[PDB]
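Visitor: Supplied in structure tokens, the structure appears directly below.
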Amino acid sequence: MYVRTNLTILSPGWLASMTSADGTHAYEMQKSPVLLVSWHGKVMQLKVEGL
Amino acid sequence: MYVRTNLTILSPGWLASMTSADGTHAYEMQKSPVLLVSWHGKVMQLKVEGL
Amino acid sequence: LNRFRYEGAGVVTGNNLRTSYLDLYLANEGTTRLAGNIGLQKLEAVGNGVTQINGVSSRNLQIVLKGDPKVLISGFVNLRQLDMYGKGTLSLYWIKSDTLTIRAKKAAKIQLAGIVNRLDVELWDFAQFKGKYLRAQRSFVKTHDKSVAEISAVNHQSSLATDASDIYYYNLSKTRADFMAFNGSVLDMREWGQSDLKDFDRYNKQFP
Amino acid sequence: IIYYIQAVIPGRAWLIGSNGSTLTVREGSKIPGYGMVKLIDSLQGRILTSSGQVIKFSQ
Amino acid sequence: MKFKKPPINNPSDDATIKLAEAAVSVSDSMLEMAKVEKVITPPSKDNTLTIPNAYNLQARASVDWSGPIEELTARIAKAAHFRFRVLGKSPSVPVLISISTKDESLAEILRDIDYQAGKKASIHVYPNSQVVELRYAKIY
Amino acid sequence: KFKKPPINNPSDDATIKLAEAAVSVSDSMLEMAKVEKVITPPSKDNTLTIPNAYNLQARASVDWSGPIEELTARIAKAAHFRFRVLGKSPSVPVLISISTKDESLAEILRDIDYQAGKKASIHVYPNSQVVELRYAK
Amino acid sequence: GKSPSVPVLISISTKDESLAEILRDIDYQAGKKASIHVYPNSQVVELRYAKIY
Amino acid sequence: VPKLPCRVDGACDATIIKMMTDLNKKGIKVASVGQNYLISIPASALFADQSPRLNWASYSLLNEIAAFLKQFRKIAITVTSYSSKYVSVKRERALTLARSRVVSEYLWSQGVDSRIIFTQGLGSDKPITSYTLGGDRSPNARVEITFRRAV
Amino acid sequence: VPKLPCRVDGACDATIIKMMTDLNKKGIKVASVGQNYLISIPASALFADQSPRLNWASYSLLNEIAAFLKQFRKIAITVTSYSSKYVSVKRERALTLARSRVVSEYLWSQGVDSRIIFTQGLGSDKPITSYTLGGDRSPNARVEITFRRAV
Amino acid sequence: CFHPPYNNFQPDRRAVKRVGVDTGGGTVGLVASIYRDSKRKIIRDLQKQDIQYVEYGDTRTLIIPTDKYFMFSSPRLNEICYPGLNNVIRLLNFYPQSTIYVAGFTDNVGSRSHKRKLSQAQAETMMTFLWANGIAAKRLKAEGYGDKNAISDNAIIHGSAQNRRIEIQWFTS
Amino acid sequence: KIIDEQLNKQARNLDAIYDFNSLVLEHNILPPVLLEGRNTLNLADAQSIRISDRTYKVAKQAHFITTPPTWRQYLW
């Protein structure tokens with residue numbers, strides 16, 4: 001799984017991460033159905049299908 | 001048969017025993033449908049199903 | 001050397017007196033300066049006088065006044081009780097006592113300083129009492145309408161105000177308890193700039 | 001030997017040592033173990049001596 | 001005449017009961033390890049010399065935050081009307097702080113933030129210049 | 001007239017036990033952290049002071065990564081200060097990275113010395129209008 | 001001492017005697033693996049396991 | 001979309017407008033400009049005379065405005081209080097600080113969602129009216145709640 | 001599960017409630033706190049004047065006592081006997097000890113599923129009433145039965 | 001006419017409102033008042049609340065559940081139990097000579113020093129509340145104990161809810 | 001479904017008690033796993049009894065992470 005956001009990722013444990021000048025985050029990680037994200041001091045869940 | 005409790009076992013004679021820091025016991029013994037334990041100086045029987 | 005009474009515009013100034021106990025009665029402008037190491041228990045002032053006593057070495061005292069004298073006393077004693085029903089003003093240097101019971105009714109301005117284990121304060125009206133520079137383990141305060149109280153309890157603080165009255169706790173004790181009935185006010189009134197001021201804890205937190 | 005405050009008037013302070021020895025101190029005097037008292041702050045529980053020590057209350 | 005006993009709660013849940021019966025033992029183990037680490041550790045100083053309080057720092061807050069550090073301390077500084085300062089290079093792995101408190105003052109909020117930072121991050125303050133200065137630690 | 005209780009009140013004994021257990025373990029972890037953390041005294045904490053020269057109060061935006069040498073030199077040129085370096089540049093150059101939009105050159109140099117740490121130091125002389133870099137052997 | 005991993009088991013079913021005789025019967029049925037002492041002025045009841053193995 | 005909510009949790013903008021209208025006819029200042037929001041309440045409907053004792057009937061109105069603040073989505077809220085000049089500066093500052101602390105604590109006890117509640121008080125530092133002849137009846141004695149709307 | 005027991009043998013909390021109400025109507029005091037229960041009986045209903053001996057009618061009362069006492073899984077029963085100040089310390093201590101021994105032996109004779117009986121007497125060292133006019137009619141002269149309910 | 005926050009610590013009037021709403025028969029109103037303020041009626045109201053009353057010998061004790069009558073982990077008393085607290089003061093008006101002991105206990109879990117501190121704070125809060133209702137301080141003594149004598153087992157959940165409590169004892173002479 | 005609702009009903013206190021993040025070592029290292037044991041007795045056969053007082057065993061060796069774990073992947 002390759003993912004781009006500007007948030008903080010929590011759940012699976014990623015393998016590689018990159019950050020832009022503007023704080024945009026990119027991660028290479030394993031396949032997973034769901035994600036855990038700290039957004040603004042709040043805990044959130046993300047749903048990903050199509051695996 | 002692997003059993004975990006905090007009581008005391010009497011009848012069959014276990015092959016091995018371990019005690020926790022708090023005093024919980026774990027016993028290694030043979031297969032038996034019944035057991036005989038002691039609670040507070042009072043004897044009791046015990047039933048094991050699904051052998 | 002045990003009896004002292006003066007009335008009618010009397011000015012006495014003296015020092016270097018040693019005694020165990022003497023009883024003082026004063027009236028009508030007794031300008032009394034006494035700067036000896038004087039131990040005593042019973043003093044009475046009728047009203048309209050000024051008295052400075054510098055040096056008190058005694059271990060019991062019980063004074064109650066009726067008019068408006070003005071007294072400044074240096075030394076220490078185990079004060080037991082105090083009642084005021086007039087125009088009382090009082091200032092005292094040091095007290096290392098056990099239990100105190102203070103009652104003020106009509107008009108009072110009291111400044112006290114020392115170490116008390118346990119004290120009870122009843123203020124009715126027009127009473128400004130200071131517990132600044134005076135520390136207690138058990139504090140009990142009952143304040144009625146138009147009363148002003150300062151409390152510096154160390155261990156345990158207990159206070160109720162009825163209405164239109166001000167209570168200021170100059171130190172956070174280990175235990176706090178306050179109540180307001182109609183318009184009573186209980187407030188910290190601290191500098192907010194002390195470099196080593198402690199904060200609240202789990203136990204000390206009360207929300208008015 | 002250490003000391004702690006009991007009650008502070010403007011001008012004089014009450015001290016108790018580690019041995020229970022009492023003291024009443026003016027603005028300017030001499031105290032062994034601390035030197036010369038340089039300022040009596042009665043607004044807060046701090047007094048500064050010549051040696052550079054500040055007396056607080058024990059807890 | 002009808003007999004009662006005081007604590008009348010709502011009907012409970014077995015799952016909550018089992019979680020509690022794990023939690024008591026966890027708390028006991030954490031307590032005893034804390035006391036033995038306390039007695040084997042000779043403490044030296046507290047963080048008051050590193051960060052004191054000041055006037056206008058007496059404003060208080062209550063928080064429940066479970067994320068990174070930077071946005072939280074930025075909100076703290078903007079409440080403080082203090083100028084921000086950041087020192088050190090940002091780590092790849094984010095420093096994650098979670099505080100769920102109840103009505104504490106700004107100074108001790110920042111003080112226990114600096115305590116829960118650990119070795120990764122540190123906080124200094126300067127009231128004479130009204131400067132809040134965070135510093136990452138140069139490891140590796 | 002009316003007032004509700006708090007909505008997530010522990011109105012069950014298990015919930016009560018959970019909440020107090022959480023309180024206890026968080027307090028114990030706070031105690032462990034407080035006895036764990038090593039701090040520095042503010043008397044002799046080694047960091048760059050503020051030299052507060054009048055030309056040192058300018059503001060800029062700088063993004064840069066790499067060796068400290070020409071960065072410090074061009075900063076000194078922007079500050080009209082003479083620049084000198086005592087010590088040896090090793091085989092590996094000391095590399096930092098600054099990405100800032102608006103802060104002054106004084107705290108820029110302060111962070112430069114902070115990321116330098118043990119390897120090198122920056123000293124400012126406003127009497128003889130110079131800035132120098134000291135290596136450590 | 002410390003309790004061995006094999007437990008000590010005691011069966012007592014008596015009726016209405018003093019605690020001194022109760023404890024004497026207890027240590028008698030304990031035998032050679034444990035013993036009972038009482039310090040009366042110290043008001044302490046103590047058992048000791050066998051220092052064996 | 002069966003598994004995705006079309007709106008935020010139990011909300012109705014018609015109810016938002018209606019409760020804003022009811023508060024404005026009640027006498028509570030409602031301010032909406034940009035995407036930031038401000039609410040001002042006079043203290044004479046809140047406390048006693050120069051005193052942080054809470055009126056029992058005011059708990060209903062506090063519950064209602066707490067429900068309104070629960071109806072929005074936000075991150076951080078500043079709550080402050082101002083008053084007249086009575087004895088000192090510190091007395092007024094401490095009174096406003098205590099009042100803000102109490103109302104913030106009750107608000108957190110209520111089910112509003114937020115991460116940050118900021119408490120401070122000033123008393124009579126920042127006036128709002130040249131006319132200051134009233135006491136606690138004067139409208140410059142007030143409580144303000146300010147926030148910025150999330151997203 | 002029909003093979004397994006459903007409740008304890010001979011157990012009905014309604015019957016427990018009924019006999020408890022009857023006993024408190026009789027005047028024998030039944031106290032319940034936590035899991036430790038107390039039963040207080042005045043000595044005048046059981047023994048004669050200064051007597052280590054019972055009338056025949058007491059056996060029905062003790063029989064119903066044992067009937068209630070079957071209804072709990074417990075371990076230890078403690079029975080204290082207290083008397084009135086009559087002659088000495090020796091007579092009161094001996095009489096209280098004898099009364100406790102007699103009621104303990106009859107209790108063990110009844111089939112209460114117990115593990116241990118602890119009996120003691122104190123005479124008149126700790127009363128519970130300052131009004132000490134009566135002799136064996138005194139209320140503090142009594143027998144107290146304490147136990148802890150176990151699971 | 002009444003105020004739920006302790007009526008500004010004033011000696012409450014109920015009989016005048018009773019006789020007013022019953023005259024709006026006065027004799028039936030006053031016999032209903034003496035039936036409604038009687039001591040057994042007071043104990044029945046305390047039984048309707050979750051308060052335990054024990055009267056044995058010359059001593060009398062009251063048992064209060066802290067979880068029912070307090071905010072969690074706080075010295076702050078809950079205010080919704082004001083009918084119970086007013087009935088407590090109404091019953092306590094009947095013993096104007098006896099000294100009062102008040103003590104508090106908790107469960108086992110936590111620091112021993114911390115739970116002792118919390119019990120001390122709870123007991124001092126309760127004794128301050130009753131001191132504010134016009135009782136002399138010479139008749140009082142407060143104590144926050146730990147868990148050194150529990151009326152219930154701590155390891156069972158319902159017993160752990162039971163054992164944390166506030167006890168109030170009084171003598172008679 | 002019921003137990004998932006009741007589990008997530010008290011989400012914050014679970015993170016309060018299971019602070020993995022404070023337990024993470026200083027170099028982004030998960031600390032290893034240790035198991036204790038007391039009063040070991042073994043009866044292998046006749047004429048053979050082996051006892052020990054205490055013992056300790058490593059379960060999982062220490063390794064890296066990017067994020068500390070939570071209760072969800074163990075408990076949801």
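Ordering of the structure tokens sets the chain letters (A, B, ...); residue numbers start at 1 within each chain; ligands are numbered from 1 in the order shown.
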Distance cut-off 9 Å, counting only C-alpha atoms - which residues of chain E neighbour chain F? Return them as a PyMOL selection string.

Guide: chain E and resi 7-14+16-21+23-24+26-28+30-31+34-35+37-38+41-47+49-50+85-89+112+115-119+122+138

Visitor: Next, write the just-selected residues to a file, as a compact mmCIF listing (two decimals), in the first residue's frame, keeping N, CA and C atoms as the atom set.

Guide:
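Once written, result_18.txt looks like this:
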```txt
# COMPACT_ATOMS: atom_id res chain seq x y z
N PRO E 7 -25.26 0.83 48.08
CA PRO E 7 -24.87 1.16 46.70
C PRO E 7 -25.76 0.47 45.69
N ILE E 8 -26.63 1.24 45.06
CA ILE E 8 -27.57 0.72 44.07
C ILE E 8 -27.18 1.35 42.75
N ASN E 9 -26.42 0.63 41.94
CA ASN E 9 -25.95 1.16 40.68
C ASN E 9 -26.80 0.63 39.53
N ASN E 10 -26.37 0.98 38.32
CA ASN E 10 -26.97 0.42 37.13
C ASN E 10 -26.49 -1.01 36.94
N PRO E 11 -27.22 -1.82 36.17
CA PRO E 11 -26.70 -3.13 35.78
C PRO E 11 -25.41 -3.00 34.99
N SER E 12 -24.48 -3.88 35.29
CA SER E 12 -23.10 -3.77 34.85
C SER E 12 -22.88 -4.57 33.58
N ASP E 13 -21.62 -4.73 33.21
CA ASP E 13 -21.23 -5.59 32.10
C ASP E 13 -20.03 -6.43 32.49
N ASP E 14 -20.12 -7.71 32.13
CA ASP E 14 -19.08 -8.68 32.44
C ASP E 14 -17.75 -8.31 31.79
N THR E 16 -16.69 -5.24 31.18
CA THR E 16 -16.13 -4.17 32.00
C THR E 16 -15.56 -4.72 33.30
N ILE E 17 -16.22 -5.73 33.86
CA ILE E 17 -15.75 -6.35 35.10
C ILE E 17 -14.41 -7.03 34.89
N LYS E 18 -14.27 -7.75 33.78
CA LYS E 18 -13.02 -8.44 33.48
C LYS E 18 -11.90 -7.46 33.17
N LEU E 19 -12.23 -6.36 32.49
CA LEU E 19 -11.23 -5.33 32.24
C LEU E 19 -10.76 -4.68 33.54
N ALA E 20 -11.70 -4.46 34.47
CA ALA E 20 -11.34 -3.91 35.78
C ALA E 20 -10.47 -4.88 36.56
N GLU E 21 -10.79 -6.17 36.51
CA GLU E 21 -10.03 -7.14 37.28
C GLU E 21 -8.65 -7.38 36.69
N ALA E 23 -7.20 -4.60 35.36
CA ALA E 23 -6.65 -3.27 35.57
C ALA E 23 -6.13 -3.08 36.98
N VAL E 24 -6.77 -3.72 37.96
CA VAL E 24 -6.32 -3.60 39.34
C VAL E 24 -4.94 -4.22 39.51
N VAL E 26 -2.73 -4.66 37.08
CA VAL E 26 -1.80 -3.82 36.33
C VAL E 26 -1.39 -2.61 37.15
N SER E 27 -2.37 -1.98 37.81
CA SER E 27 -2.09 -0.82 38.65
C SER E 27 -1.22 -1.18 39.84
N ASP E 28 -1.44 -2.35 40.42
CA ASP E 28 -0.63 -2.79 41.55
C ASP E 28 0.82 -3.03 41.14
N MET E 30 2.36 -1.72 38.51
CA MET E 30 2.94 -0.42 38.19
C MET E 30 3.29 0.35 39.46
N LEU E 31 2.48 0.21 40.50
CA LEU E 31 2.73 0.89 41.77
C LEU E 31 3.99 0.37 42.44
N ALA E 34 7.07 1.36 40.51
CA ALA E 34 7.33 2.77 40.71
C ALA E 34 8.00 3.03 42.04
N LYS E 35 7.56 2.35 43.10
CA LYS E 35 8.18 2.61 44.40
C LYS E 35 9.59 2.03 44.47
N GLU E 37 11.65 1.71 41.85
CA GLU E 37 12.49 2.58 41.05
C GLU E 37 12.75 3.90 41.75
N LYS E 38 11.75 4.39 42.50
CA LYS E 38 11.94 5.59 43.30
C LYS E 38 13.00 5.38 44.37
N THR E 41 16.44 5.06 42.76
CA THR E 41 16.86 6.24 42.03
C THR E 41 17.09 7.37 43.01
N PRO E 42 18.28 7.93 43.09
CA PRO E 42 18.47 9.16 43.86
C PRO E 42 18.13 10.38 43.02
N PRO E 43 17.00 11.03 43.28
CA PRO E 43 16.64 12.20 42.48
C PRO E 43 17.51 13.39 42.84
N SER E 44 17.68 14.29 41.88
CA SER E 44 18.57 15.42 42.05
C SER E 44 17.83 16.75 42.07
N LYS E 45 17.09 17.08 41.02
CA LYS E 45 16.50 18.40 40.86
C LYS E 45 15.10 18.26 40.30
N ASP E 46 14.35 19.35 40.41
CA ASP E 46 13.06 19.50 39.76
C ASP E 46 13.18 20.53 38.65
N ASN E 47 12.14 20.61 37.82
CA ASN E 47 12.18 21.39 36.60
C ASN E 47 11.84 22.86 36.81
N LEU E 49 13.73 25.30 38.00
CA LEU E 49 14.81 26.13 37.49
C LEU E 49 14.82 26.16 35.97
N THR E 50 14.43 25.06 35.33
CA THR E 50 14.34 25.05 33.88
C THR E 50 13.19 25.91 33.39
N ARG E 85 9.66 29.52 19.69
CA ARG E 85 11.01 29.24 19.23
C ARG E 85 11.18 27.73 19.18
N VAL E 86 11.76 27.23 18.10
CA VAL E 86 11.97 25.80 17.90
C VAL E 86 13.45 25.57 17.63
N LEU E 87 14.02 24.58 18.32
CA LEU E 87 15.43 24.27 18.21
C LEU E 87 15.60 22.79 17.93
N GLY E 88 16.60 22.47 17.12
CA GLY E 88 16.86 21.10 16.74
C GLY E 88 16.14 20.70 15.47
N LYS E 89 16.52 19.54 14.96
CA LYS E 89 15.92 18.99 13.75
C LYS E 89 14.74 18.11 14.12
N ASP E 112 4.41 19.33 33.21
CA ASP E 112 4.21 17.90 33.05
C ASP E 112 4.24 17.48 31.59
N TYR E 115 7.80 16.82 31.33
CA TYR E 115 8.10 15.56 31.98
C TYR E 115 7.71 14.37 31.11
N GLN E 116 6.53 14.43 30.48
CA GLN E 116 6.10 13.31 29.66
C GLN E 116 6.75 13.30 28.29
N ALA E 117 7.53 14.32 27.96
CA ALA E 117 8.29 14.29 26.72
C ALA E 117 9.33 13.18 26.73
N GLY E 118 9.98 12.96 27.86
CA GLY E 118 11.08 12.02 27.89
C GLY E 118 12.34 12.62 27.28
N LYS E 119 13.22 11.74 26.80
CA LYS E 119 14.50 12.20 26.28
C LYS E 119 14.39 12.90 24.94
N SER E 122 12.34 18.75 24.87
CA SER E 122 12.50 19.53 26.08
C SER E 122 11.93 20.92 25.88
N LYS E 138 19.43 16.11 20.16
CA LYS E 138 20.31 15.60 19.11
C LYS E 138 20.79 14.22 19.53
```

Visitor: Quick one: residues within 7 Å of range 70-80 of chain J, only C-alpha atoms counted, chain neighbours fewer than 3 positions away excluded, as a PyMOL selection string?

Guide: (chain C and resi 203+206) or (chain J and resi 66-67+121-122+125)

Visitor: Any chance you could export the current selection's C-alpha atoms as a JSON list (two decimals), in the first residue's frame?

Guide:
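As written to disk, selection.json reads:
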```
[["chain", "number", "residue", "atom", "x", "y", "z"],
["C", 203, "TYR", "CA", -7.58, 16.74, 46.87],
["C", 206, "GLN", "CA", -12.95, 22.94, 45.11],
["J", 66, "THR", "CA", -19.85, 8.00, 48.48],
["J", 67, "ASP", "CA", -20.41, 6.93, 44.87],
["J", 121, "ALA", "CA", -10.74, 15.22, 52.66],
["J", 122, "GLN", "CA", -14.16, 13.58, 52.32],
["J", 125, "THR", "CA", -15.98, 18.14, 53.82]]
```

Visitor: Just the residues within 12 Å of range 18-34 of chain B, please, counting only C-alpha atoms, with nothing from its chain fewer than 6 positions along; format it as a PyMOL selection string.

Guide: (chain B and resi 1-12+44-51) or (chain E and resi 25+28-29) or (chain G and resi 3-7) or (chain K and resi 35-44+51-56)

Visitor: Mind writing the picked residues with N, CA and C atoms as a CSV table (one decimal), in the first residue's frame?

Guide:
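As a result, result33.csv now contains:
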```csv
chain,number,residue,atom,x,y,z
B,1,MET,N,-3.3,-32.7,30.8
B,1,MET,CA,-4.2,-31.6,31.3
B,1,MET,C,-3.4,-30.5,31.9
B,2,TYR,N,-3.7,-29.3,31.5
B,2,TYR,CA,-3.1,-28.1,31.9
B,2,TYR,C,-4.2,-27.3,32.7
B,3,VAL,N,-4.0,-27.0,34.0
B,3,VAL,CA,-5.0,-26.3,34.7
B,3,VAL,C,-4.4,-25.1,35.4
B,4,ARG,N,-5.2,-24.0,35.4
B,4,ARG,CA,-4.8,-22.7,36.1
B,4,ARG,C,-5.9,-22.4,37.1
B,5,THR,N,-5.5,-22.1,38.3
B,5,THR,CA,-6.4,-21.7,39.3
B,5,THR,C,-5.7,-21.0,40.4
B,6,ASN,N,-6.3,-20.8,41.6
B,6,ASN,CA,-5.6,-20.4,42.8
B,6,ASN,C,-5.9,-21.3,44.0
B,7,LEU,N,-6.6,-22.4,43.7
B,7,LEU,CA,-7.0,-23.3,44.7
B,7,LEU,C,-5.9,-24.4,44.9
B,8,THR,N,-6.2,-25.4,45.7
B,8,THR,CA,-5.3,-26.5,46.0
B,8,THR,C,-5.9,-27.8,45.5
B,9,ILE,N,-5.1,-28.6,44.9
B,9,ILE,CA,-5.5,-29.9,44.2
B,9,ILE,C,-5.0,-31.1,45.0
B,10,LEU,N,-5.8,-32.1,45.1
B,10,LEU,CA,-5.5,-33.2,46.0
B,10,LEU,C,-5.4,-34.6,45.3
B,11,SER,N,-6.3,-35.0,44.5
B,11,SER,CA,-6.5,-36.4,44.1
B,11,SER,C,-5.4,-36.9,43.2
B,12,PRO,N,-5.2,-36.5,42.0
B,12,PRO,CA,-4.5,-37.4,41.0
B,12,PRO,C,-2.9,-37.3,41.2
B,44,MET,N,-14.0,-30.6,48.2
B,44,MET,CA,-15.0,-30.3,47.2
B,44,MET,C,-14.6,-31.2,46.0
B,45,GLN,N,-15.6,-31.6,45.2
B,45,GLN,CA,-15.4,-32.2,43.9
B,45,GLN,C,-15.4,-31.2,42.8
B,46,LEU,N,-15.0,-31.7,41.6
B,46,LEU,CA,-14.9,-30.8,40.4
B,46,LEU,C,-15.1,-31.6,39.2
B,47,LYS,N,-15.8,-31.1,38.2
B,47,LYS,CA,-16.2,-31.8,37.0
B,47,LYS,C,-15.6,-31.2,35.8
B,48,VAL,N,-15.0,-32.0,34.9
B,48,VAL,CA,-14.4,-31.6,33.7
B,48,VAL,C,-15.2,-32.2,32.5
B,49,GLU,N,-15.7,-31.5,31.6
B,49,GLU,CA,-16.4,-32.0,30.4
B,49,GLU,C,-15.5,-31.7,29.2
B,50,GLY,N,-15.9,-32.3,28.1
B,50,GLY,CA,-15.3,-32.1,26.8
B,50,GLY,C,-13.9,-32.7,26.7
B,51,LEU,N,-13.7,-33.9,27.2
B,51,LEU,CA,-12.5,-34.6,27.0
B,51,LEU,C,-12.3,-35.2,25.6
E,25,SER,N,-4.7,-5.4,38.9
E,25,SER,CA,-3.4,-6.0,39.0
E,25,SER,C,-2.3,-5.2,38.2
E,28,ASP,N,-1.4,-2.4,40.4
E,28,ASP,CA,-0.6,-2.8,41.6
E,28,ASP,C,0.8,-3.0,41.1
E,29,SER,N,1.0,-3.7,40.0
E,29,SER,CA,2.4,-3.9,39.5
E,29,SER,C,3.1,-2.6,39.1
G,3,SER,N,7.7,-21.8,52.1
G,3,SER,CA,6.8,-22.9,51.9
G,3,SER,C,7.3,-23.8,50.7
G,4,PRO,N,7.4,-25.1,50.9
G,4,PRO,CA,7.8,-25.9,49.7
G,4,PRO,C,6.7,-26.1,48.7
G,5,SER,N,7.1,-26.5,47.5
G,5,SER,CA,6.1,-26.6,46.4
G,5,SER,C,5.1,-27.7,46.7
G,6,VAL,N,5.5,-28.8,47.3
G,6,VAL,CA,4.5,-29.7,47.8
G,6,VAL,C,3.9,-29.1,49.1
G,7,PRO,N,2.6,-28.9,49.1
G,7,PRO,CA,2.0,-28.3,50.3
G,7,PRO,C,1.9,-29.2,51.5
K,35,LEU,N,9.3,-13.2,31.3
K,35,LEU,CA,8.3,-14.0,32.1
K,35,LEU,C,9.0,-14.6,33.3
K,36,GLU,N,8.3,-14.4,34.4
K,36,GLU,CA,8.8,-14.9,35.7
K,36,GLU,C,8.2,-16.2,36.1
K,37,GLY,N,8.8,-16.9,37.0
K,37,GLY,CA,8.2,-18.1,37.6
K,37,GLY,C,8.7,-18.4,39.0
K,38,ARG,N,7.8,-18.8,39.9
K,38,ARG,CA,8.2,-19.0,41.3
K,38,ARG,C,7.9,-20.4,41.7
K,39,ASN,N,8.7,-21.0,42.6
K,39,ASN,CA,8.5,-22.3,43.2
K,39,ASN,C,8.3,-23.4,42.2
K,40,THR,N,9.4,-23.7,41.4
K,40,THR,CA,9.4,-24.7,40.4
K,40,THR,C,9.7,-26.1,41.0
K,41,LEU,N,8.8,-27.0,40.8
K,41,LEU,CA,9.0,-28.4,41.2
K,41,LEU,C,8.7,-29.3,40.0
K,42,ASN,N,9.6,-30.2,39.7
K,42,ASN,CA,9.3,-31.2,38.6
K,42,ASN,C,9.6,-32.6,39.1
K,43,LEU,N,8.7,-33.5,38.8
K,43,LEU,CA,8.9,-34.9,39.1
K,43,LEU,C,9.0,-35.6,37.7
K,44,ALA,N,10.2,-35.8,37.3
K,44,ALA,CA,10.5,-36.4,36.0
K,44,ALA,C,10.0,-37.9,36.0
K,51,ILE,N,14.0,-29.2,41.8
K,51,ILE,CA,13.2,-28.0,42.2
K,51,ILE,C,14.1,-26.8,41.9
K,52,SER,N,13.5,-25.6,41.8
K,52,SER,CA,14.1,-24.3,41.7
K,52,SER,C,13.2,-23.3,42.5
K,53,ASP,N,13.8,-22.2,42.9
K,53,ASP,CA,12.9,-21.2,43.6
K,53,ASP,C,12.3,-20.3,42.6
K,54,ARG,N,13.1,-19.7,41.7
K,54,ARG,CA,12.6,-18.7,40.7
K,54,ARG,C,13.3,-19.0,39.4
K,55,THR,N,12.6,-18.5,38.3
K,55,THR,CA,13.2,-18.6,37.0
K,55,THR,C,12.6,-17.4,36.2
K,56,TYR,N,13.4,-17.1,35.1
K,56,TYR,CA,13.0,-16.1,34.2
K,56,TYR,C,13.3,-16.5,32.8
```

Visitor: Find the residues in chain K near chain A: any atom within 7 Å counts, using only C-alpha atoms. Write them as a short mmCIF file (atom, residue, chain, number, x, y, z; two decimals) with N, CA, C and O atoms, in the first residue's frame.

Guide:
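File iface24.cif, as written:
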```cif
data_model
loop_
_atom_site.label_atom_id
_atom_site.label_comp_id
_atom_site.auth_asym_id
_atom_site.auth_seq_id
_atom_site.Cartn_x
_atom_site.Cartn_y
_atom_site.Cartn_z
N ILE K 65 10.16 -0.19 15.92
CA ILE K 65 8.80 0.10 15.47
C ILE K 65 8.83 1.42 14.73
O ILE K 65 9.83 2.13 14.72
N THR K 66 7.71 1.76 14.11
CA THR K 66 7.44 3.13 13.70
C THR K 66 6.40 3.79 14.59
O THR K 66 6.51 4.98 14.89
N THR K 67 5.39 3.03 15.01
CA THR K 67 4.39 3.49 15.94
C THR K 67 4.29 2.49 17.08
O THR K 67 4.45 1.29 16.86
#
```

Visitor: Can you pull out the residues contacting residue 93 in chain H? Cut-off 8 Å, using only C-alpha atoms, and skip same-chain residues under 6 positions away; I want them as a short mmCIF file (atom, residue, chain, number, x, y, z; two decimals) with C-alpha atoms, in the first residue's frame.

Guide:
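selection.cif, freshly written:
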```cif
data_model
loop_
_atom_site.label_atom_id
_atom_site.label_comp_id
_atom_site.auth_asym_id
_atom_site.auth_seq_id
_atom_site.Cartn_x
_atom_site.Cartn_y
_atom_site.Cartn_z
CA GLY H 121 -10.59 36.77 33.75
CA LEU H 122 -9.80 40.46 33.84
CA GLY H 123 -12.57 42.22 35.77
CA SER H 124 -12.45 45.91 34.86
#
```

Visitor: Could you list, as a list in words, every residue within 8 Å of range 109-119 of chain I, counting only C-alpha atoms and ignoring same-chain residues fewer than 2 positions away?

Guide: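 That gives residues 41 and 42 of chain B; 66, 69, 70, 73, 74, 75, 76, 77, 78, 79, 80, 97, 100, 101, 104, 105, 106, 107 and 121 of chain I.
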
Visitor: Name the residues in contact with range 147-157 of chain J at a cut-off of 7 Å, using only C-alpha atoms, excluding same-chain residues fewer than 4 positions from it; report them as a list in words.

Guide: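 Answer for this query is residues 13 of chain F; 33, 34, 35 and 36 of chain I; 105, 106, 107, 108, 161, 162 and 163 of chain J.
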
Visitor: I need the residues in range 67-108 of chain H that are strand (DSSP E) according to DSSP; give them as a PyMOL selection string.

Guide: chain H and resi 76-82

Visitor: Using only C-alpha atoms, which residues sit within 12 Å of range 30-34 of chain G once same-chain residues fewer than 4 positions away are excluded, as a list in words?

Guide: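 My list of contacting residues is residues 1, 2, 3, 4, 6, 7, 8, 9, 10, 11, 12, 23, 24, 25, 26, 46, 47, 48, 49, 50, 51, 52 and 53 of chain G.
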